[PDB]
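Protein chains in written order, with the entry's author numbering: chain A, 548 to 597; chain B, 15 to 1376; chain C, 1045 to 1342; chain D, 2 to 91; chain E, 797 to 845; chain F, 457 to 535. One structure below.
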Amino acid sequence: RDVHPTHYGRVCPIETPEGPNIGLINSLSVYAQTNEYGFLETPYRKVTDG
Amino acid sequence: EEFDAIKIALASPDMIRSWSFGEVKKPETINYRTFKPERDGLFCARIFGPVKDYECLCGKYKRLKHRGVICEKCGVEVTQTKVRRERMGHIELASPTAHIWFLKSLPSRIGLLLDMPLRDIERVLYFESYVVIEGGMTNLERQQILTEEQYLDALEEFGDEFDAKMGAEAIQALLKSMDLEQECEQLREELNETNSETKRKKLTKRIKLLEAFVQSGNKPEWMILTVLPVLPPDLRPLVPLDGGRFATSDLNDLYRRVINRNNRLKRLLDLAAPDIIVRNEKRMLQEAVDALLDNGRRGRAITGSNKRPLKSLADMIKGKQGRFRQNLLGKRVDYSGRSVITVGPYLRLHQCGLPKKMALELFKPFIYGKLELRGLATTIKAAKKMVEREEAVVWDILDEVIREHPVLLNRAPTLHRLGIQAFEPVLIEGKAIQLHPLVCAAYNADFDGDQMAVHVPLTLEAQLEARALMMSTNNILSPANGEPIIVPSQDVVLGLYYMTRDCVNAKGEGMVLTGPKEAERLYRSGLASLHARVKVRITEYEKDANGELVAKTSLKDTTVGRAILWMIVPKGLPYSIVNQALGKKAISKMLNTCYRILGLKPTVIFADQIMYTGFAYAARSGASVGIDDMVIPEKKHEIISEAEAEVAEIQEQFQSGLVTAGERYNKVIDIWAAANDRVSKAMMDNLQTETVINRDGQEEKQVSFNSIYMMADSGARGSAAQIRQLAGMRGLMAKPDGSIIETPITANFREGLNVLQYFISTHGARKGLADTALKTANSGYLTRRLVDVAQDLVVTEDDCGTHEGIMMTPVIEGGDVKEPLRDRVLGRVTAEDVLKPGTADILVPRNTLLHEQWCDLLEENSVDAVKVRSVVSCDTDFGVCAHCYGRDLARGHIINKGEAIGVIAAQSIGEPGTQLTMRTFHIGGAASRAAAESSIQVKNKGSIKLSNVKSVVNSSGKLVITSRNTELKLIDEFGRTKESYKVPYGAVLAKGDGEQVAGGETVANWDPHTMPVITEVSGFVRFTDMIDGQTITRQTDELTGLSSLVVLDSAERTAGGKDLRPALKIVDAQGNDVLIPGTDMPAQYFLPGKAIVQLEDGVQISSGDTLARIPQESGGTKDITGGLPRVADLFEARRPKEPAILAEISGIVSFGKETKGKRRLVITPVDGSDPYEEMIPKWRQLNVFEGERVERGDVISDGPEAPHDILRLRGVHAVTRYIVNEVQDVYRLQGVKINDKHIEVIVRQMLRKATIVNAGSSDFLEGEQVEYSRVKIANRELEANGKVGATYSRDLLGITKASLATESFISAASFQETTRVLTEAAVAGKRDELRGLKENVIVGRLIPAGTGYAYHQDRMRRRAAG
Amino acid sequence: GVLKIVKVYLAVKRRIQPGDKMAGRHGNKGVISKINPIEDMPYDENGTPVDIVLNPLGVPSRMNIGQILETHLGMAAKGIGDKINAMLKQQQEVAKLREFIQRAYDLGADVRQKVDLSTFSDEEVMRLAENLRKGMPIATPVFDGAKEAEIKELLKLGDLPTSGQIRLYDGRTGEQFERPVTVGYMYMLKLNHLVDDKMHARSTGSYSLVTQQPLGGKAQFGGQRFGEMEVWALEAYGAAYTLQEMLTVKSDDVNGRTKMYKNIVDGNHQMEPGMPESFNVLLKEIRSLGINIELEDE
Amino acid sequence: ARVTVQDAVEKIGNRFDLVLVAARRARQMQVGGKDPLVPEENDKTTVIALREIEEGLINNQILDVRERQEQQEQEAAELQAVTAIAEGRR
Amino acid sequence: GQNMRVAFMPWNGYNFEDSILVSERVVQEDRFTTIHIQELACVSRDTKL
Amino acid sequence: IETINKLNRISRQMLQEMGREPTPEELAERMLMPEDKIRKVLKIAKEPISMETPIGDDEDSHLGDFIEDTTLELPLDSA
DNA sequence: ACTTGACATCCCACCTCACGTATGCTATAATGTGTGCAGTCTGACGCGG
DNA sequence: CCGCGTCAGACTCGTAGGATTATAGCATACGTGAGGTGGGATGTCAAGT
RNA sequence: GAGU
Ligand SMILES: [Mg+2]
Ligand SMILES: [Zn+2]
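Here it is in structure tokens:
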């Protein structure tokens, strides 16, 4: 239920029903999608030598 | 059928025949097309009664003319359908089956009667093996297991004399043949010659079962069921949904299977089927039966056609969705309505807005009666037709009924009794209920869509109780503390604050006014601001001693605003009260003082006034919330960047390596704490004042009018902390768990946080909200348990005449006098007079209730300790005395005889727990605790004087304390204990004993996050048993080769290093054990679990140099988290994990029989001849030196005290004292004030039972656990007549057990363990006399409390008269 | 089993009333307490009267300050609309309108999105103006939003106080409020929670099959459960007859409720209780378990 | 009173007594049509009973007094009737 | 939803605890008026009656 | 019972031929029985569904929490 | 105020009819199997061993 | 002391809608609920009582 | 999905 650092850019840490449902149900973050194996992923920009 | 009692016992099979009217031979219910009942089926009309009123099956005979007519063709009796709720049927079971409940439920009376374990019985029952019933042959007697061919090897050789069988029928047989009478006598004779301890305990238990069994008259053979009773059809009805579909109870499906299998058994018997399949069928029979009673108790249960487990009879009674709690102790009710609440500023205190359409519906029947009596409608049918159209007339009749009717408003949860209040309803348009603002605090209601229920007490009596006892205006004071609940909130306070607050010049400074009315006239003309400082001529009024009017007439200095407010103020209250800028503080005080001195009606009226005022002036004031209203303190980034740059310097200075993990963590966190508080106070200064604009050149200052700040200081909404997060720095928060993050949030909500910072805060947020949910159900459940225990306590007597009582102190727990004597004792009856050398040798007459004014007088005397007559020390049976209880806080007076004080206490104590969870869980979006327990600071100039310690002076020159029993007090001019501080082990001191401390000088000092162990003597550190891996962990670096040893506790230790107690031995320059000055100890300082040993082997320590620092991380729950279970545990009388041990009687104690480090004590009493030897753990720490002259209940061990032990040694008053204080400590942490008397109530309930040594004329004997009430009843009757005496000792039971122990089995059955309690009472043949509350509740009778006292005592006298 | 069926759609035009549920995006929520006539509400110096009056005391302890930001930016957004609407009423020239509008968009020293107008055709220009006549819609994106200073800057372009507070005249009395208050436009919503549905009450109706207690829900014309909690309240008071009402005449006692109904019409208000059906349910289920429970005579 | 029944409360002594004693008088008004002492001013029997006891003109003891009196008058007059039935009995 | 001119201020306890004060002008303009399309079904069954 | 058995064996085939469902008329055709009789059997075909059935998807209600007794003439009418 | 008799409409009971229901009988050989989810918690008092 | 077992875990209300099954057939004997027509029981009328 |  508790808030994991991994949720960053994948699930909104801040969208969930209050009460006993809390922690269980969470909305997908904006840019986020499922990878090949159904794992959560986030798009990121490359930075080459500075 | 107007009844006295309820008895429960085993149902006899032939008694079951008696109740049952007919045998259900067929599993069929009804015909598929014609849904009439089938012949001998489950819904049979011949057995259970006719489907439809006064009409038989075949339908020749109908009408009332036929009653008791018995249709010759069909065999249907002609009567009321209602009979199908009350006729039972029955089944003839072919194989006598055992009752599951008496097997699988613990302890299992069958098993305990036969002293036979479960498995044996199982294998027997399930036909896996045979067992010996009756052995003519000596080889084998009762209760021997035989296998398949062991039975054959037995039968072949013996037989004739040899009797054995298989299964439940065999067990039935063994049940009949066992000798009831003889065995009881046998056992006591066994006891007479020899009683090894545990053997005698079990033999005792068994004796109790047996005796109870034959007294109740329950026959053991009844354990085996021959006849199976069958539930009335209406209770398991069969109904069509309108779509053609059907619904049937789960009982029906279990029952059907029962019949199917039983009929197959009849077939198999007539066919003479082989043993294997006959046995299999008996298994199946047993299954079906036991599934029907309690499904799944037996292991894998029968499921629904769905998947869902079938719902058995047990589920029906027991479950929370069972009959008790859902349908019996509570239900759905008519004449109630429910809808959204809306504000009613215009409503009076005792009023409420009631929506048109709601009230129309509610008050339906009242309408009809008056419609017909006034003749507006010809009959009731026409009255209905006239209501359903709805003309002007209808509304008028409603008006007349609603006139002087009181209606009840309810909000869930029912936190306390004021969750329902009575009001005069006033009709309004719309569908919304209007609630009075004042009472929102009691309901804890707020306007964001909350709904309320509105019930109608219908009778004159209901109306009376609602208006008189439940009326809003009657109940202002919390039953919990004496103080008001119905009080100013938010806007109210704000308006008041606005008016009372004073301002530089503005308009009309220094005007002199002829009376108050002029003030308002001036404001309204705009010729003066309300903030303007003014001289007004006003007459303050005074109460006399007899109650007259005392007009005093002269000059007051106030604002315009305060003059207006003095208008509101009632005749006789001093000006002093309004003279100050009123906040939440001042407001409540006004009301309080007013109530206590003036009285009821005046206060009622005045409170309303104050409400309206506040609204008004809030409105003209025009207070709002703009972005600039939140002022970012001038020096924010300066103070922040400085703290940041310095922390950066210490991180760079990390790589250099004078930086352990502990020190760095400490350093970072402390610099951040100090920086935030700097920021806080600069933000507060800025916001707090800020009227420093130029007076044409130079500047000036006064109290500015910032709206947020005003809300803060007013106590209107904000507190300082919230402000801090808004305009200041948000601060540090808590990570996922206990972890506290190093870098804080420097920014504020004004600036806006970013990705990272906002993300950071979510952890705490989510954690908080999940707590508010899931952690509150614990508190609710706890409360219900309290409720159930505390029901029977009612005021029956005025005064039984007890002299006994509990000595209450002003609680000087460490740091200050957190709760004084006055606060703890107010409104209590005293027992005895206390003497103190005082202003003139104080004496105070006893049996006296101490009123407020009594208290004031005793305040001037300054008595410390007061014996007060307690609820516990009450002599009254089953309940308490008016005197022993004292004031009913809610009413202000002495409690009314008859009022149920038990539930009173419970509601008050459950209420806050439930609140103090929810609140800091949905408002405190992060986590921290005040743990800067750094320095002590003496406030006022006095002498330093120490009690209880022994220190040892070092090289640097600090007075370092090595005692666990240390306090540091403050003496004033002529010798008294004013101020008190609590200093832990290892704390450096400054001034020792005798010397004077000047104001605000640092007299004590210690580092918080680290308790050092400090040596008393000098020399070289010698290492004993600290090997690497076993008891310590090597942490070593390069550089010059420095390290820091960590001595690990039990968890990280391998299996070989379990008993190894790591030490640091004190040897000298020569080698030999240097001894601590004057004492015999070779100084061996036992470093505890995880003692991070900085000073390694080889560095000559000076006397008072640290050997090893002990870290204790107090993450800091606070809240009601750690609090809740601790409270619960004290109330459940649960011995804590490390209980300390005590001494039994008095006299010189000594050592003797010593194991390795297992201490032994042989206490031989100087008076008492006997020696008590008690063994002591090795790792257990002792507080005592050796030979002392001890008293009973002498604490020796370290830790929290086990409640039971305290009860046994000290006795009642001390244990009770400990409970009260220890509980109260938690709630004091939260600042929720509750009277000790409630806690006292509970404890008396927990003392309900005792243990008997020595026989009366009755059913006693050794070690029986009988009620305290039955002991005193025996006292009366036996002392007066003679007979042999009985010695008793009091016992302590916590909560659940105490509740289950009470002689009210329907009470206990309603609580928990429904199954178990029923069986015990059934075997006991117990008779419930029905004196308690919930009993009558469930029966729909008159509660024996209060209003129902009269009727209930009448039945009691009718018991005496035959 | 079903011969025929007809579906019918009702169209209700449901008007807002007191007790309906409304909120903003910031978690600030509330019930309508009273709808005031236009006269009652405070008004501007300009004569523009207010729409909604929200309690400032809902702010500080709940710690959502963003709603204040929305209010300020919201007034300035409409301030834009004000001035534009004025120049629309005043006709004027394309060019001048174009100037005002573009200088507005390019307001931020730090803006990303640069809408250099120029190329736009006269059609598109006057068209755009008409649309922004209703108050110009702005985009603060999450965390990457509009700083307070840029908001202050725009409040100058709205020709309104930079603090976003205005002195208000009380439409009832004519007295000014002594100090200015925060006014401006905020985006409100009416919830799916309609007081229309939340209203429900029951005197007499359908009862439960087994227990013979009143049913649940507006769907059955059900009554509220008076729970053990509520019981506890009554118990705290000495209120025995009210309690007994709830236990018997109001629920499972058939003879009792009917009799007391008739008594009420007749103006008696005597109770005369009976035996609640639930308790009989209890008895019979215990005897089904082969457990004998008898109620003993005196 | 109307607002706060506290004065009436104080006149009797106990809260609960007040409620029950008031109900018995209010019931009498309802049932017997017994005549309200203080001019009615359309109050409910709740309030009527409250007022009477407020002024102290009803007491539990005087309610029972009124019962004793009217019961004695009933027996005196129905001496004639119960005597005929009584002679019949033996 | 819709956007209104709000004024942050305490009223004579009509805005008490997050409660809302609102103008008749809202109804005048017909803002915040919901269309609810509610469904009902009439069923003609066959009993053996 | 045997008639019910026929019903369901045929049901499979017919669903596969049509690509959808069997209407009583079409079903009645293939069996050469009177439509009324078919419909009767279809209704009678419904098995006992449990009164204790958790109607509440959230364990709210045991179907019983719906059922009202229409036998009871209402206190209105009793008056 | 009432009865009598005539003539004409309505209510109760027993008989032949037809569908519905209860139970038997079948012959190549068929002979050791089904089956799942429950759980994770969590302090708790208790007996058993 | 580990073993495993047993028993607990808020308050009210509010909103959506219920079926998947695999299953042979029949020839015969017996019982159970019903339509279709005559005897007996009240209903309605017109004179004359 | 409401609120405490
Ligand atoms: Mg709320
Ligand atoms: Zn019959």
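A virtual CB, placed ideally from N, CA and C, is assigned to each residue, including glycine.
Around the beta carbon of A:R548, fewer than 16 other beta carbons lie within 10 angstroms, which makes this residue exposed.
Taking the C-beta atoms as reference points, B:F437 is found no nearer than 7 Å to B:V415.
For ligand 2, no non-hydrogen atom lies closer than 6 Å to the CB of B:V138.
Residue-level contact check: C:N1072 does not touch chain B, since none of the beta carbons of chain B fall below 7 Å from its beta carbon.
Here B:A784 is not near A:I561, since their CB atoms are 7 Å or more apart. Look at B:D129: its beta carbon is at least 6 Å from all of the heavy atoms in ligand 1. As the crow flies, the alpha-carbon of B:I1287 is around 12 Å from that of B:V1280. The secondary-structure analysis by DSSP pairs B:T1301 across a beta bridge with B:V1267. In the three-state reduction of the DSSP assignment, B:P834 falls in the coil class, being assigned neither a helical nor a strand state. The region 877 to 894 of chain B and the region 1252 to 1267 of chain B touch, with three or more beta-carbon pairs separated by less than 8 Å. Ligand 1 has a heavy atom closer than 6 Å to the beta-carbon of B:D464. With a threshold of 7 Å between beta carbons, B:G636 makes contact with chain C.
For E:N799, no Cβ of chain B is located within less than 7 Å of the residue's own Cβ. Taking 6 Å as the cut-off, the C-beta of B:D460 counts as close to a heavy atom of ligand 1. Between ligand 2 and B:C70, a heavy atom-to-CB distance of less than 6 Å is present. For F:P531, at least one C-beta of chain C is nearer than 7 Å to its own C-beta. Assigned with DSSP and collapsed to three states, B:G676 falls in helix. Here E:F804 is actually not in contact with C:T1092; their C-beta atoms are around 16 Å apart, not less than 8 Å.
Contact check for B:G1354 against C:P1320 passes: the beta carbons are separated by less than 7 Å. For C:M1273, the nearest beta carbon of chain B is closer than 7 Å to its own beta carbon. For F:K462, there are no neighbours in chain B by C-beta distance under 7 Å, as the nearest C-beta there is about 18 Å away. Annotation: the continuous beta strand (DSSP E) that includes B:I442 extends over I434 to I442. Excluding five sequence positions before and after B:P110, the CB atoms of its chain that fall closer than 7 Å to its own CB belong to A182, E183, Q186, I238, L239 and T240, given in chain order.
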